[PDB]
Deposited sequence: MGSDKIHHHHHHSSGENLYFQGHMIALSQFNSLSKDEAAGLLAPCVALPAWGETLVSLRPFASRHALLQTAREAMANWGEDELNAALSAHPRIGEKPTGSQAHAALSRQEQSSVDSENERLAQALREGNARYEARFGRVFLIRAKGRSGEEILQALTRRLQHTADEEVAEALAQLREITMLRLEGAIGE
């Protein structure tokens, strides 16, 4: 984590590089960099929310285009059944929607993630675009919160 004053004093490209891990959407970071300086962390986060508010399906597609799929990292009990259900459901999600399963995981149990996955598998395409974007927005904000301090 860097200080807000550091973020303000970085070059346009240095500041963009700092924001890059938050989300794979260069335009979002470039927008925030262009609106410097920021007088408080709260104010920066407010601007960050505005900048991602109008993300659509095109942004979702671009942001997830390089994300590893469930089968792309090759390595009875409640845990075994949960792990298997999570893996199978994740595989079916990819086949149904043509994208990685995106969910804000921090604060959610494995069971809670399975609940969400099972429900989202029964979504219409439009409902799922909306929820996936919401998850993308939540993840991006959490990453930004860890990147820049007061």
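- For this chain, the deposited residues without C-alpha positions form the stretches 1-23, 99-114, given in sequence order.
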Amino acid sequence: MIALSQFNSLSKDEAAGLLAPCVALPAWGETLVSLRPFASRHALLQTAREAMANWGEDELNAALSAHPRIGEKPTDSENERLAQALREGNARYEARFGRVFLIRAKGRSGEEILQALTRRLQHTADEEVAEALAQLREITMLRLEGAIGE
From here on, numbers count along this sequence of modelled residues.
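Think of the rigid core as the biggest set of C-alphas that the two forms share within 1.5 Å after superposition.
- Here the rigid core sets the fit, and in 4 other deposited structures of this protein the C-alphas of 35-43 stray farther than those of the other stretch, out of 22-30 and 35-43.
- Superposing the other copies on the rigid core and comparing 85-93 to 45-53, farther C-alpha placement in 4 other deposited structures of this protein marks 85-93.
- Checked against the other entries of this protein, residue 76 counts as unresolved in at least one third of those spanning it.
- For the two regions 36-44 and 53-61, the entry's Cα B-factors average higher over 53-61.
- Set against one another, the Cα B-factors of 18, 139, 130, 25 in the record reach their highest point at 18.
- Annotation for 100, 121, 83, 103: 121 ranks highest, by Cα B-factor.
- Among all modelled residues in this chain, the alpha-carbon of residue 68 has a temperature factor (C-alpha) in the lowest third.
- Compared with the other modelled residues of the chain, the Cα B-factor recorded for residue 95 ranks in the highest third.
- The entry lists a Cα temperature factor for residue 117 that places it in the lowest third of the chain's modelled residues.
- The PDB entry assigns residue 3 a C-alpha temperature factor belonging to the highest third of its chain's modelled residues.
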